[PDB]
Every structure is written in C-alpha cells, then in structure tokens.
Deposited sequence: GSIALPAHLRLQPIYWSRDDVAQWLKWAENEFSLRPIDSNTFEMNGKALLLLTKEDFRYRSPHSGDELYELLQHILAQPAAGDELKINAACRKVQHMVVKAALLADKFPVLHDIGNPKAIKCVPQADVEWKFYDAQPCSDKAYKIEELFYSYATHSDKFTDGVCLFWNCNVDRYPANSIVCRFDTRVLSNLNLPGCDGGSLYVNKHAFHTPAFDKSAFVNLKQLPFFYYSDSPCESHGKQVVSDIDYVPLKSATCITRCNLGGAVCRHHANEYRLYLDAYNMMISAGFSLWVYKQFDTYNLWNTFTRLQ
C-alpha cells in the first residue's frame, strides 16, 4: 500500500523494508517483529535465502519470503497519476540541464501535441512537431511524422527532444525517454544526476552523493534544502525507472558542464 512498496523491491530503501514488515504484519496477522529484524535495503533482501528469512524470523520468515516472491512475480499496479508527475519532474530536470550545459539555440520537440514547453524559462527557440497535433494547438505545431530514414539530415541545429515519442531511430542530437536497442545507436544511456541552481538554505541526515550537482556540493556539504530536493527527485526518478522508462542522451552530454555553471 505505501508508495515506495509499489516500486520493484530492488529500489526499496532500508526504511522501505521496515515499512514492508509492518504492512505484512497487519495484512497477514503475523507476530510483531522488531523493526530491524531485516536491517538492510531491498537489494540486500533479494540476496537472502529462505533459510535466512526463517532464521531471522522463526515465526514469520517463511511467509515473508513467499510474500516477496509473489511481489517479484506480480509487480505492483503503479498509479498513473503519480507516475505521470514523476516523469514530468524528470523531463524538466534533464532538459533544463541539457540546455544549460550545451546552450543549444533551438530545441526541436518531436511528438509534442500540446505545444507545452517542459522548460519554459530557458533561453532557447522552442519548436513543436507531432504527427497528430491537438486541434487546439495545431496552429503552432508542425504536423510531421518523424522517421530517421526521411528526416536524418533535418533538425541538425540545436537539440531534439523525443519524450516518449517512439521513432525508428533517434538522431545524434537528441534527448530521449522511452518506455519498455538499434533505435539508440546514435546515443548513450543517461545516468542519474540531480542539478539545481536554486539558492541554498540551511534550515537532516547529511547527503553524501557525487551526483548531487549543487553549489553546496562543490565542497561536499549539501545544504538541507538541496538534500531534501535531491531525495524527492530521486524518489520521482525511481518511480519512473521502476515503471519501465529509460533515458538516453546525445553522446557529448557532460555533467562537468553543469558543475561549471557555478563559476567553479
């Protein structure tokens, strides 16, 4: 029932595992066990044997192991509303970062039928294209079905955005999100990062992470504000990846360009 427990268990934190024990206690009327009977994250939980479960909880371990196997076999539903919002959070993060890092003068938003910019504050010429534009936004959307075989020498200025616009093959100058390899040969996988240029504020478990690209992490002392925002962003990102989306980017994408935005 708890939101994190709808992620695949490989994404569960140590705290998530504890909430899982409490949920299972109530759902199955099990003997209450101490909250750190399984003091590990989900990745670790998945490495335990059924015998390890029984030793760890003589009264409920076998049940807990079998519950985990059922969760692994029939993954949780997942809420479309929350997953949508998570995907939009990531879209804004990634496209904002790309525009700041590489200063593209034009963005070709291919498969956007509503003519909405995911980074409306960016200094860039935003152009929209779609095979079936919404009739109430078609006046500013180019009606176009993208195929690499037909369009690979077009849209060569700036960057192209294909946010869940599944085409035969993406051009080299692209930012892509795709739901579940030859389509991606011109691109590389985009690893997780968090970038923020919002002001630091100090008033948490300290956040240690090389992927928190903030002014306060230049010296490894992330402020409370960016610690909180990083963890919220990571939760959204996990929701997206656990649901089956994958991110791809032009091969020159470099997070050091983001560190450099801090003058440093």
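Unmodelled regions of the deposited chain, listed from N- to C-terminal end, are 1 to 4, 185 to 214, 238 to 246, 308 to 309.
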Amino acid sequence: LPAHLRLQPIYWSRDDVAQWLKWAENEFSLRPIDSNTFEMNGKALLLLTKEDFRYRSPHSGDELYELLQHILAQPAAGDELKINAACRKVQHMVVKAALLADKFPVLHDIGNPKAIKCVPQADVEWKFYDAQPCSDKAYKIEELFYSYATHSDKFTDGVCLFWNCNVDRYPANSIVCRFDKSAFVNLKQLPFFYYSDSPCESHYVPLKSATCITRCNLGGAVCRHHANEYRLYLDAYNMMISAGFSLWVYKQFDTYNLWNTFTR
From here on, numbers count along this sequence of modelled residues.
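Notably, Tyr237 is never a gap: all other compared entries of this protein, restricted to those modelling both its neighbours, have coordinates for it, so the one-third criterion is not met. Annotation: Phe38 does not belong to the positions left without coordinates in a third of the other compared entries; each one with flanking residues models it. With 54 to 62 and 204 to 212 compared on mean CA B-factor from the PDB entry, the stretch scoring higher is 204 to 212. Higher mean CA temperature factor between 168 to 176 and 67 to 75: 67 to 75, per the PDB entry.
Note on the listed residues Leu100, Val106, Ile83, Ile110: the highest Cα temperature factor in the record is that of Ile83. Across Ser198, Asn217, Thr37, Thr49, the entry's maximum B-factor at the CA atom is seen for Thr37. The deposited CA B-factor of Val17 belongs to the middle third of values across its chain. Per the deposited record, the Cα B-factor of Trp248 falls in the lowest third when ranked against the other modelled residues of its chain. Sort the modelled residues of the chain by CA B factor and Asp136 lands in the middle third. When the modelled residues of the chain are ordered by C-alpha B-factor, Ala149 sits in the highest third.
When the CA B factors of the chain's modelled residues are split into thirds, the value for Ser182 lands in the highest one.
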